[PDB]
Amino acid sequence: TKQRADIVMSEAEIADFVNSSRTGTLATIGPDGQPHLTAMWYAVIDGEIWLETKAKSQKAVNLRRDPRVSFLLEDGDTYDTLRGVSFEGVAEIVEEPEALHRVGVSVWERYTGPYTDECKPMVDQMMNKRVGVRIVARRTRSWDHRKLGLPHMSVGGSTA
């Protein structure tokens, strides 16, 4: 239901934003239909967002029952700098060991430092009894309020 042409990000800008961000919000569907929200760090592999979770975590249980997911990334502190991307789609649960190791390595590189073979036991342990969750988007909406050319605002109010 939309997508403003003025503030939409390009395919390439979204890619940069997904690689640059640290935290998004995942929604899965609870057993009574209630949206279940968690703030997630993530992996990025061949352009796609992947998550790691315990095989028996609530999110993995929601997802086997109903694969539908939403995932939201956002930043910016002023109206003129708000930017983000919102994905709706389906998740696949993957326990294939090569795939898990790629998830573990991407998370390691994204949030820890460069990966070397001597980090393997530690990545093995992070990913032990975990599954990969590949996010496949079918609907994407994005925004970058910098494309309005508004005057720059500094952050204000009581929450500054």
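Each residue number is its position in the shown sequence, starting from 1.
- Relative to one another, 145-153 and 11-19 have unequal mean CA B-factors, and 145-153 is the one with the higher figure.
- Averaged over CA atoms, B-factors in the entry run higher in 52-60 than in the other of 52-60 and 102-110.
- Of the candidates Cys119, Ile29, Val94, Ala43, the deposited coordinates give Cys119 the top C-alpha B factor.
- Ranked within its chain, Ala39 lands in the lowest third, by CA B factor from the PDB record.
- Remark: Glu88 belongs to the lowest third of its chain, ranked by C-alpha B-factor as recorded.
- In this PDB entry, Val131 carries a Cα temperature factor that places it within the middle third of its chain's modelled residues.
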